[PDB]
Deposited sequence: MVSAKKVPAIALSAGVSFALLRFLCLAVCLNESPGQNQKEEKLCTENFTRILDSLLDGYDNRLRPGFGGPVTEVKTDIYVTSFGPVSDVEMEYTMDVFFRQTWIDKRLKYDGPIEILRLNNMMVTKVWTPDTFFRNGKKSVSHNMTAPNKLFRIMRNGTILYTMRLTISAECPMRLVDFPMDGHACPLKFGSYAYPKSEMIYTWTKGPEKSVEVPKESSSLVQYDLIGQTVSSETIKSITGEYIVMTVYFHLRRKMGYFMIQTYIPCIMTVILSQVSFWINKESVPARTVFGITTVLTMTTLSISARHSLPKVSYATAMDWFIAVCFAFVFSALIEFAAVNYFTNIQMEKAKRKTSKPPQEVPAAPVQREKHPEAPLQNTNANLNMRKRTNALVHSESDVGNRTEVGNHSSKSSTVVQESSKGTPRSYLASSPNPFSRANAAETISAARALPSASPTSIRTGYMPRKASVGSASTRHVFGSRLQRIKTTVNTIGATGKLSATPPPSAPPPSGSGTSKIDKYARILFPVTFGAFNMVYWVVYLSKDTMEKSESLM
C-alpha cells in the first residue's frame, strides 16, 4: 500500500463541495482547447458541431503530497472524489461527454498540488448568421464558456498559454465541407446576472464559405436558362408554337430553381445575394416571352394592314444580361 496510503491520506479530511482556497484567494483555472475535429456547420439550424479536448488546470493545496513520483496519473473516476470547476458552454445548445470503453477524462495530481483535468466533448453551439451576402459571405461562430455557479470573485478563468497558443486547430482537424476556417481569435469578457458576475471566455472561429457548390448548383443553371430563352429571338416569328414553348419552359425552369435555392437555405426576412441574381434572371426570362408576345402582336397588325423588335432583342438582351453579371459579381466579390 505504498501509493494506496498516499491517496487515502489526500482524500481524508477532504470536502469536494468546497473550492480550493474557499473563502480566501480567488481560484484561478487555466483552460486550453485542442480541437480534434471542427464538425459541419448547419446554416438552416444556425449551429455548428465541434469535438475538443477541453483541458483545465488549477492549483489545490489540499492535494499536496510528498513522494518519489512527481505526477500521479490516476484513473478517470478519481474525478468524482475531488473538486472540479463547473464549466458550462453558454451558447452550447447540445453537448455530449464521451463514455466509450471508459469515461474520457484525464486526471493528474502533481507533487506541488497542480491538477490537470481534461475531458473529451462533442459541442453543438449556436452560431448566429447574417446571410445577406450569401453565398459570398463569412461568419464568426463563437464559443462562450464559464463558471455556472462560482462568480468572478470566487473563480476566474485564464488561458493556459498565450491568447494565441491556447486554442489549437490543426488543418487536418477541419471537417468542414462548404466552409474554410481562416483563423481563430480568443477573448475574455465579463457578464452580470442576478446570481452574480461571471468571467466568460470566448473563442471565435472565422469561417469563409466556398461558393463552388452554389456556383454550379444554382448560378450555372440560372445563367444557362437565361441564355436558352434568348435563343428564341433567333427563331423566325412565323414559328409561333415553337417560340411560345421556349418562353413557357424557361419560365417554369426558373420557378423550380428559385424554390430549390431556398430549400436548404433557412427562411429569413432579408434578401440574400443569390436571391437578387435569381430575381434578375427571372425578369430576363419573363421579358423574353413578353418580347415574343409583342412581336406576335405587332406582326398581326402588320399582317392585317425580319422584325425590328427581334433584331433589337438579339443584341440588347445579351448585352444587358452581360452587363448585369459584371455589376453583380464585382459588387459582391469585392466585399
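According to the record, the deposited residues with no C-alpha atom in the structure span 1-45, 351-514, 545-554.
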